Amino acid sequence: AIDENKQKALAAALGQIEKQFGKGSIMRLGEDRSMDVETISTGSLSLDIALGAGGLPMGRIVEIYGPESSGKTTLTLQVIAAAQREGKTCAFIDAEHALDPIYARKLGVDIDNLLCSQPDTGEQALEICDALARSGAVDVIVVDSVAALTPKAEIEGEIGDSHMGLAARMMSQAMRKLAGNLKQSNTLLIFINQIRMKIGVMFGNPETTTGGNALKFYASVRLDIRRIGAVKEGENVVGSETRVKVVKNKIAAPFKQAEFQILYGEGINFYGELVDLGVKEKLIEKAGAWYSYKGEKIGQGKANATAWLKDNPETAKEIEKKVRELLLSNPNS
Amino acid sequence: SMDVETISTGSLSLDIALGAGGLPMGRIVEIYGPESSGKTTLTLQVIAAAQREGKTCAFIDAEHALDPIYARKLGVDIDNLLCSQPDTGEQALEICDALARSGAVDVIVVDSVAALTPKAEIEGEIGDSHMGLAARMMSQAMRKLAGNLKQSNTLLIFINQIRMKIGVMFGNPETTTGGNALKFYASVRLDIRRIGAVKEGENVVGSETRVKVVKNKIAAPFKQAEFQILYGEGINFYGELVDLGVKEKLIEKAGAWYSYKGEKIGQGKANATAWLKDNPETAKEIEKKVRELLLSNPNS
Ligand SMILES: Nc1ncnc2c1ncn2[C@@H]1O[C@H](COP(=O)(O)OP(=O)(O)OP(O)(O)=S)[C@@H](O)[C@H]1O
Ligand SMILES: Nc1ncnc2c1ncn2[C@@H]1O[C@H](COP(=O)(O)OP(=O)(O)OP(O)(O)=S)[C@@H](O)[C@H]1O
Ligand SMILES: [Mg+2]
Ligand SMILES: [Mg+2]
Numbered sequence: 001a002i003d004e005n006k007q008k009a010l011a012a013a014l015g016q017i018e019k020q021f022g023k024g025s026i027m028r029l030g031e032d033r034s035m036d037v038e039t040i041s042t043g044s045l046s047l048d049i050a051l052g053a054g055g056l057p058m059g060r061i062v063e064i065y066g067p068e069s070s071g072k073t074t075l076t077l078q079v080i081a082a083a084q085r086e087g088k089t090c091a092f093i094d095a096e097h098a099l100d101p102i103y104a105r106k107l108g109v110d111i112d113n114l115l116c117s118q119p120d121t122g123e124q125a126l127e128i129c130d131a132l133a134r135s136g137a138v139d140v141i142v143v144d145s146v147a148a149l150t151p152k153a154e155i156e157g158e159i160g161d162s163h164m165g166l167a168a169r170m171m172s173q174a175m176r177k178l179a180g181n182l183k184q185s186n187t188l189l190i191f192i193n194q195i196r197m198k199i200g201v202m203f204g205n206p207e208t209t210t211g212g213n214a215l216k217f218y219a220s221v222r223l224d225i226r227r228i229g230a231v232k233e234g235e236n237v238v239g240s241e242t243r244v245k246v247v248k249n250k251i252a253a254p255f256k257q258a259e260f261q262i263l264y265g266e267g268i269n270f271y272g273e274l275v276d277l278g279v280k281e282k283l284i285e286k287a288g289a290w291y292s293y294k295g296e297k298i299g300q301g302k303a304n305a306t307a308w309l310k311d312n313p314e315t316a317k318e319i320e321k322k323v324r325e326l327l328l329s330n331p332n333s
Numbered sequence: 034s035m036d037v038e039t040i041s042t043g044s045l046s047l048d049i050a051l052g053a054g055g056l057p058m059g060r061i062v063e064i065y066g067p068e069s070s071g072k073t074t075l076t077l078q079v080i081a082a083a084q085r086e087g088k089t090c091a092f093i094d095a096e097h098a099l100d101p102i103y104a105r106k107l108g109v110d111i112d113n114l115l116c117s118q119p120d121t122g123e124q125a126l127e128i129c130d131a132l133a134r135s136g137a138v139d140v141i142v143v144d145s146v147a148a149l150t151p152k153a154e155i156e157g158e159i160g161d162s163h164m165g166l167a168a169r170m171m172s173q174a175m176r177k178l179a180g181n182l183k184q185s186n187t188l189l190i191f192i193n194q195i196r197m198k199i200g201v202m203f204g205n206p207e208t209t210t211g212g213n214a215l216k217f218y219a220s221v222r223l224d225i226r227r228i229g230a231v232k233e234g235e236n237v238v239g240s241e242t243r244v245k246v247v248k249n250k251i252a253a254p255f256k257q258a259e260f261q262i263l264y265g266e267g268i269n270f271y272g273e274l275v276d277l278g279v280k281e282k283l284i285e286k287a288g289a290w291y292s293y294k295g296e297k298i299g300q301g302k303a304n305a306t307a308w309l310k311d312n313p314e315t316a317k318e319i320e321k322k323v324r325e326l327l328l329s330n331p332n333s
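These protein sequence lines are chains H and I, in that order. Just so you know, we're using the deposited numbering here: the first sequence kicks off at 1 and counts up by one. Just so you know, we're using the deposited numbering here: the second sequence kicks off at 34 and counts up by one.
What follows is the structure, encoded as structure tokens:
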């Protein structure tokens, strides 16, 4: 009897809010299909498994950070290339002023359709991000280095002058504005960031990132990338052994890691991952340094085994399809 | 009307730490901490525990980062959990007041006070200065809500993010966003921190968490709570039922070996909590003992 005017006051309050601030201001979370988690590929199968939901989330903020020459730019060009192949539009804000367009083409990016900007200030860089996000016409934005987003007062001033907290304040104001717009247009924003040392530290890690604490909070995924070794063809160094740690995840369980090769000119070695995952799931048998598929001996060593999968497109498609079926938590098709 | 009503936090260790046995209804609560401390997980645990008692709940996601699948995994009934995603900071607080006035919802949660951007700052440019507009907007909202919340008997939980003060020599350099109005009006104030990992040998499957009560108008403040948040599954209330059982000398622990009523239960905490899962009888009767010994005022 008394629990019914409860439901009436609810429906009346819902009617009041939904006509004041527009149609879908309040809903029920189980019914809201704008709140579901769509993803896009990173260009690494191992990293797609480590992220749990099978890729990077659309409508969210992502941070990639690491030491120098660890593969941060290369990893973000591989996600742009994969999204372009699925008929999406992409932008690249190059605050570092260090993008080589010929290398981007070799990694598989469509250079003629990628929107590029080299802004003079951090305010200009974050105002272009907002304008592209609100447009609804751009799916993936990459900002290359938070560390190079310098406020206008610091550009106008002299070297030595103190502007303490100014960059951190600029970033804190930008996150507030962007987070809403990005979700509304279903646009993925990737911030690359550099590492700095904190002085006078006995306890914990001395490593930190630039641009303050706001980005750590607003980010849905945070990735730590590191170069853990060289890839050699005799004495020639031909690429880099790479490890990625998922330090923060809001769409799945964190603290999983991914290992892969970056080969200079080609980018991420896809078939190299396909072997290592095939070996792990008992689809490829390893007899010391002899790889074999269904008894049929494919090669001697990982490089020859990878070279074999390259000249057998049908056999590689078969193994990919199974590894995908097995290790993907919730395959959506 | 001024007699206090409480609802469970989901964690038993935190229910003892507050003293009254939960968060007070018709009041304002603040829950701050660093990155990935378990602020959202704790407030979805409250909503879950509340809507199991036949209550309606709302979630105002200003952060734009709520996963409905994870909410269901923690035990939130998402089919009748009200969710809003406001564009401005003013919309978020007008929806909070409109829901409070109606007298229909019992619990409201505003995720990130840091993300409540004033209208003027949104249609402005990045670089433009709006000194204290967030603090005024919050100060206006608090004096308008405090009265409307009490007569409705509606709980409002604000989640806050930590920022750092520049050129401070004294005290702690940590701050909270959205002014010092919320600091005054807030009845309870929790400070969550991740203090370690929970492993399956090497595989990291959880977070060792510590909650501190820095303010309490309802009971004695400056008490602690320690517990485990597992990634999916949610809060580990069996893991607490052992830790409080051994603290009151109902359970015994001899190194890595557990024993209750003479007969041993398992080796380590993971096997000890796994046996409590398989024995609802002892898990019922130990809950009985821990509650009736450490309850401040038994309602009925
Ligand atoms: N244009 C190129 N031609 C050949 N190799 C390249 C080229 N650009 C980058 N690489 C290599 O690819 C590996 C990863 O480079 P990046 O992706 O540029 O890493 P990064 O972390 O962005 O480094 P920064 O911005 O310079 S600190 C490095 O060993 C580079 O030398
Ligand atoms: N959907 C999910 N699936 C699995 N684990 C999760 C999920 N969401 C969060 N977690 C983890 O649970 C722990 C607590 O997360 P939260 O409750 O979101 O904490 P938080 O302080 O709200 O973090 P923020 O909002 O990003 S500053 C973290 O270690 C997360 O990685
Ligand atoms: Mg680079
Ligand atoms: Mg949160």
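The beta-carbon is built from N, C-alpha and C at its ideal position, and this holds for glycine as well.
Residue span of the beta strand (DSSP E) that contains residue i, given as start and end
i	result
H:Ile284	Run containing H:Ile284: none; DSSP gives neither H nor E here.
I:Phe260	257-263
residue 336 of chain I	Given that chain I is displayed from residue 34 to residue 333, the structure contains no residue 336 of chain I and the question cannot be resolved.
H:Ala91	90-93
H:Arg33	Unbroken run through H:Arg33: none, as it is neither H nor E.
Option in the options with minimal Cα separation from residue i
i	options	result
I:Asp130	H:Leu326, H:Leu10, H:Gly43	H:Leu10
H:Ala316	H:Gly136, H:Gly272, H:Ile195, H:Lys72	H:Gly272
I:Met197	H:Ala287, H:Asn213, H:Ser25, H:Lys183	H:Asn213
H:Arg226	H:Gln194, H:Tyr293, H:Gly200, H:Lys250	H:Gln194
I:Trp308	I:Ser292, I:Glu266, I:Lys322	I:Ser292
I:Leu223	I:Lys177, I:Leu166, I:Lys250, I:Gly267	I:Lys250
I:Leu107	I:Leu277, I:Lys177, I:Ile80	I:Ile80
I:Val247	I:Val37, I:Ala50, I:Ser41, I:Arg60	I:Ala50
I:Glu156	H:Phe191, H:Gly122, H:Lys302, H:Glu127	H:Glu127
H:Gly278	H:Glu320, H:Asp311, H:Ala289, H:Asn304	H:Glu320
I:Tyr218	I:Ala174, I:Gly204, I:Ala53	I:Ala174
I:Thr39	I:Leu189, I:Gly301, I:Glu318, I:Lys310	I:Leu189
H:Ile268	H:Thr73, H:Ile26, H:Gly52	H:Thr73
H:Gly59	I:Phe92, I:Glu314, I:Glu96, I:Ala91	I:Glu96
H:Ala148	H:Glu241, H:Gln124, H:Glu31	H:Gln124
H:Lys322	H:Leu274, H:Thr210, H:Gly165	H:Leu274
Nearest-angstrom Cα separation, counted from residue j out to residue i
i	j	result
H:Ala153	H:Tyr264	39 Å
H:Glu63	H:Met35	21 Å
H:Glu296	H:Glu281	18 Å
H:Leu45	H:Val244	12 Å
H:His163	H:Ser172	15 Å
I:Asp100	H:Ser220	11 Å
H:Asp110	I:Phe270	53 Å
H:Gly71	H:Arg176	29 Å
I:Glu325	I:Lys256	19 Å
I:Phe260	I:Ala287	21 Å
H:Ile61	H:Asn186	11 Å
I:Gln78	H:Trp290	52 Å
H:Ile262	I:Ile199	41 Å
H:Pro313	H:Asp32	41 Å
Endpoints, the alpha helix (DSSP H) within which residue i is located
i	result
H:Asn304	302-310
I:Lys232	Unbroken run through I:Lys232 is the beta strand (DSSP E), 221-232; no alpha helix (DSSP H).
H:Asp130	122-135
H:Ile155	152-156
H:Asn181	166-185
H:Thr76	72-85
Within chain H, partners of residue i - CB distance below 8 Å
i	result
I:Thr150	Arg176, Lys177, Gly180
I:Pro101	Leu29, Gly30, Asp32, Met35, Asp36
I:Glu68	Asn213, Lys216, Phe217, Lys248
Contact list for residue i against chain I, beta-carbon separation under 7 Å
i	result
H:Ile17	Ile128, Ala131
Amino acids of chain I, ordered along the chain, whose beta-carbon sits closer than 8 Å to that of residue i
i	result
H:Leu10	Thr89, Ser135, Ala137, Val138
Where residue i meets chain H, residues with beta-carbon distance less than 7 Å
i	result
I:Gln194	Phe217
Closer than 9 Å at the beta carbon, the chain I residues around residue i
i	result
H:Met170	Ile159, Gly160
Contacts of residue i in chain H (Cβ-Cβ under 9 Å)
i	result
I:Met197	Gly165, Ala168, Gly212, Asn213
I:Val142	By Cβ distance, chain H contributes nothing, its closest Cβ being about 12 Å from I:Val142, past 9 Å.
Below 8 Å, can you find three or more Cβ-Cβ pairs linking the segment 224-236 of chain H to the segment 80-89 of chain I?
Contact between the segment 224-236 of chain H and the segment 80-89 of chain I is not established, with fewer than three Cβ pairs separated by less than 8 Å.
Would you check if there are 3 or more beta carbon pairs closer than 8 Å linking the segment 171-181 of chain I to the segment 136-144 of chain I?
Touching, no.
Across the segment 64-71 of chain H and the segment 111-119 of chain H, are there enough close Cβ pairs to call them in contact, namely three or more that are closer than 8 Å?
As far as the Cβ criterion goes, the segment 64-71 of chain H does not touch the segment 111-119 of chain H, which means the pair count is below three.
Taking one C-beta from the segment 16-28 of chain H and one from the segment 140-147 of chain H each time, how about it: are there three or more such pairs within less than 8 Å?
With a cut-off of 8 Å, the segment 140-147 of chain H and the segment 16-28 of chain H do not count as touching, because too few Cβ pairs lie within range.
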